[PDB]
Every structure is written in C-alpha cells, then in structure tokens.
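Quick heads-up: it's one chain on its own, the form deposited in one PDB entry, in structure tokens.
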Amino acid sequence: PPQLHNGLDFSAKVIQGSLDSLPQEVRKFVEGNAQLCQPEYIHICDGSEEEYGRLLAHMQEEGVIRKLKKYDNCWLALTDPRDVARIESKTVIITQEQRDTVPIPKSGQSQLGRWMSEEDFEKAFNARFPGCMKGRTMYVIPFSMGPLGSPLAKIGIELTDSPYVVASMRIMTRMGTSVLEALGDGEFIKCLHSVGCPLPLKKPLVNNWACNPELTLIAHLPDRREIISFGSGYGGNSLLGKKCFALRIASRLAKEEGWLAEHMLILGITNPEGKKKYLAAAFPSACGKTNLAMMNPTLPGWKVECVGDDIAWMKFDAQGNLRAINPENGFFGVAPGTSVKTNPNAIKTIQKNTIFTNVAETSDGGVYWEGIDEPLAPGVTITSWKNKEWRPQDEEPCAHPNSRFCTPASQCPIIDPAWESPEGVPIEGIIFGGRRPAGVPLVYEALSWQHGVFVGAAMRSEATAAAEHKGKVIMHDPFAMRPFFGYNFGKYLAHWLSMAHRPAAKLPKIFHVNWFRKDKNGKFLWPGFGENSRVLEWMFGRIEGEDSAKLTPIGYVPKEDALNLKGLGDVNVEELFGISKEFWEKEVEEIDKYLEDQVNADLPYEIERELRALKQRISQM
C-alpha cells in the first residue's frame, strides 16, 4: 500500500461494493474523480434487483420520484422546466483541430456540430467540476453497450451524482458486476456526469430536480476516450452511453475502423408467407422511429419485430451482409401520441418496471398525456407535469411535449429473437425520412448507393421538441445525425460512399419516406402508424425485385395500384404522391446552397454529382 498518508484511497466512503474489487484502471478513474468532485459517498453499482429496489425507495423517500400506484413497479419524475430536452448549443466535441470535428462554414456558424478547443474546455471544466458532488453520492455505473460479452460490445464506466441516472442506465444499458467481470483489464469509455448542485445548495431547487442550467455543458473528448457532462439530468444529456457514446464517440471510431454508428431503428418484417427481412431507418429525433420499430401492422398476416428503436451499429461481415446490432437495452421513447391505436406494443411494454418523465398523473395513480386516447371516469382528476391540477379545456398540455418513458426492451411483446444476437442481423434496406409538410411524396427509392447517400445527405425535417428548437422550422438533418456527428460531416459522407467499394458488399436498397405530408388545410394526407406497413410491403417487394416501380426524377415510386390501399379508399393518392417540378427546382437549389456553405471543401465529388444529376432529371420534366 505505497503512500505517505492514505494516497487517493476513498475506501472509507464506500457504501456499496469494494474499490479493491475493481480493475486497476477503473479504480484510478473512480478515485481521481472522487478527489476532484468530493462526493460524500461512493456507491459501486452491482445492477442487482435488490440494489434497484433500494435505489427507487431512496428516491421515493427523498421525493425525487413518485410511485405510480396503478401499475407494477412504475415511477414518475417531474423535472425543473429548464431541464427538459437536449441542448445542442451546449453540446460540444473537443479536438486539436476544429476541421476534424466540423467543416468550416463559408458564411460563419456551423450546423453540423459545435467544436471547442482543448484550452477552452479545460477552463470550462475547472469552472464546473471541482467540488461539484459535495454532500452527494458518486455512483459508479459499469455498463455495456451491446450484449454482454459480445466481441462487438463496448464497455463504459459512468460516474454520476444522480440516482435518476443510475435507474435509467439500468434500463437503457446492461449494467452491474457482470460488466466489470467482462471488462477485466480492458479499455472502457470514461464517462463523468454531475447535476452541478453541490451541497449546501447555492441556488433554489425547483421541483426537487437538481440541475444547473446556466453551466450545462455536454462535452466529448474522443482523443481521451472521455465524455464529460455537467448540469443536466435529462436523459439525452445524462445517459452517457446513448447519444454521447453510442453516436458521437462511436461514429468516429466507426469511421476509423470501417463500421457505422447511426441514429437508426432496426426492425424485422415478415410477410404472410413467412418470409422475413431486416430493415434500418434513420428519422430525426421525434420523427417516428419508435413507432415504426414496434408497429402493429394493419395489413393482416404481416408481422414487425423490434431489434432496436434508436441507435444501430453496423458492419459488413465477410459474406458482404451489412450486419446491424442494437447497442441499447431499453427504449427511451416520446410519450405524447402513444395510444392503443398508434403504438399498442409500446402500451404493452410500459405496463411495468417503467420510469416516466414529465408526463401527467391521474388521481388513481396512472399516467396521462396528449394523444393517450383513453377516457377517464368522471371525477378522476389530472396533475400536469408541472405538479398542478389540470383540465382538458386548458391552454397548455398536461404532459411535456418531450416527456418520455424509459422501459426495458425485454418487455416488448414483439422483441425480435435476434435482438441480442452477437453477430447482428442482415440489413436489406435502409430508410431515410422526416417531417415534410409539402412536396415530398409518401415513398421513393434511390437509384443507386451514391444517390441513396445523397438522399441521406439532403434530409430536411420540421423542428421537434427533442432539443431546444422551437416552432416547426424546417431544418437540415442529414442522415438524422445533425445533433450527433462525432467528426466532420463531409468525411462522414465520404465514409458512407466508400462502402460501395467493399469487395462482395451486399448494399441495402435505400428509400426515403414522408409520413407527414399535409393538405392545404394542414391535415395529414397519410394516417401513418400501423398503416405504414403498406409502405414497408412495397419496399419488401422491391427488395425481392418486383416490377412495382415507376421512374421519376427523384427516384422510383410505386406504380399505379402497386400500394395496398384497401381500407384507405379516402386517401388522396394524386396529392400524396405528387411531384412538382417547381417544388423540386427550389429543393435542389436549397440543398446546393446548404452543401456549399456548410460542407464546402469537405464535400465529396460524388455528392455534388448526385445533386447535378437530380437537377438534370428535374429539368426534363
């Protein structure tokens, strides 16, 4: 025990587990950060049910969460209204050179990520972390992204002072002692989180929800294999395995190592004949992945099974199959809109062992939100997400627009049998899409891999409530990755294009969808949800080589009568499927200006070529 005093030994403060049990480098990480942050206690998480019960009890007793008595082991957290979603403007990546992280925009102000210099980050770090956990417990969370012990899994350690983060990580990752045993003396991603409210409190606590909005900063240091997040408890900012690791850090590793880390669901779809295919889909935040990934198809005999709803790690095997795995262990899903009619499999999943954040509570201990589509007995009352009595005729919603459920994937009734298979599932189609109220038809198919990459690059979508963006501003969200690129977007495009030069590659067919086109009065032209199975059927047939497509300037679309619209006789097909020369001339000009300004010297030639080819096809209309 080599030391002149007690070294950096924090053993006296350990209230679960043992520092002696930890791999050497894990111990160093814990003790170095204990020295810095000065927690009152250290809790080494074991991931056991016993621990989870006591953690929930502790939070309940502290008033941080409430038990929802109507359900089996479900809980409700209500946050400070300042800490409710991601904050892109406070999310940064540190590298030696800015251009490695983001292209330099011609006009000023990049929209493909925020870079911070090493020097500026050190100052930011020193202004936040020293002493930040005083009076609190530092929890040590050993977690695996991907199935335990898989050669493709990646392990992290997250230190946090938030028991809400511990509970949510238990759901969203594989966590506990088994992860430490699989880790051994291997490398792990170093993840440090604090709510940034050391005791005694310097500022008023709102709704018993510790946070520091003024100093909120979600930082990524890929060259140090570190993620450092301060001031926010909201899951996208605090669950460091999810967006921070499994997209931002992992996307750059993937570029270096020949794979892909993407904001994509993975689903398996089986037709009435029993033939099954796996598909991946990238839609922006709050644009429909969870609803698609566990859809109940309206077409009789069709079945969808869920591999993952949010993040995909994909790599070509030796046979050329693009194999995908879900690195998550749960769903962190948008609550509003979820009903028996729109997402019955989510309703089944969230009946037990689920943590809800910022939803409303009924007087009989249930959950409520806009679009839940379940009448309450007369006399039953509602407490809004703001902890105030609420009525249906009220101006503001009962649930926050970005309220979430956090639920075990193992509870999904149609979880796919291969959802934890270490080798992944073979992807036969990749689907892009987002919210476009005008101009973009229900579905089209890219003409080639290069055209498909351009389609991903050109994605635009109405702003949602998943981050700080207000109104329904149509924003660029290439590959649904705008908030999540771990490195220069132009390099990411080159990396995707390079997949076509892999010998033997079985390149997935690429499609683009729009569930959200609206008529003149602002009403949806397409009902969506389970009806989207009709679009998946067409995709399935196209992968099988069916002659069910008509060429248009934007790509292939369904032939007349090719889509099954039985039961949707009132859909206005000409409006929904319409392609206007005027709209598309404007669209290509907008994309050209965006790529030139935002990507410029980093833009691959093949992307510029696809833009010109699209413009040329439009000119022949």
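Definition used throughout: the rigid core is the maximal C-alpha set that superposes within 1.5 Å between two forms. The numbering used is simple: start at 1 and walk along the sequence shown.
Not on display, but discussed next: the form deposited in another entry.
K.L.:
Shifts of 2 Å or more in the Cα, rigid core superposed between this form and the one not shown, apply to only one of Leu497, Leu525, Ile431, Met314; name it.
P.N.:
Residue with a C-alpha shift of 2 Å or more: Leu525.
K.L.:
Taking the rigid core as reference, does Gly63 move its C-alpha 2 Å or further between this form and the one not shown?
P.N.:
No; that C-alpha moves by less than 2 Å between this form and the one not shown.
K.L.:
After superposing the rigid core, is the C-alpha displacement of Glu49 2 Å or more between this form and the one not shown?
P.N.:
Where the cores coincide, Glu49 shows only a C-alpha shift between this form and the one not shown that is less than 2 Å.
K.L.:
Comparing between this form and the one not shown on the rigid core: C-alpha of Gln616 shifted by 2 Å or more?
P.N.:
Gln616 C-alpha, core-superposed: shift of less than 2 Å.
K.L.:
Over in the other structure, so in the other form, do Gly7 and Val195 pull closer or drift farther apart at the C-alpha level? The difference is 3 angstroms or more.
P.N.:
Those two alpha carbons end up closer in the other form.
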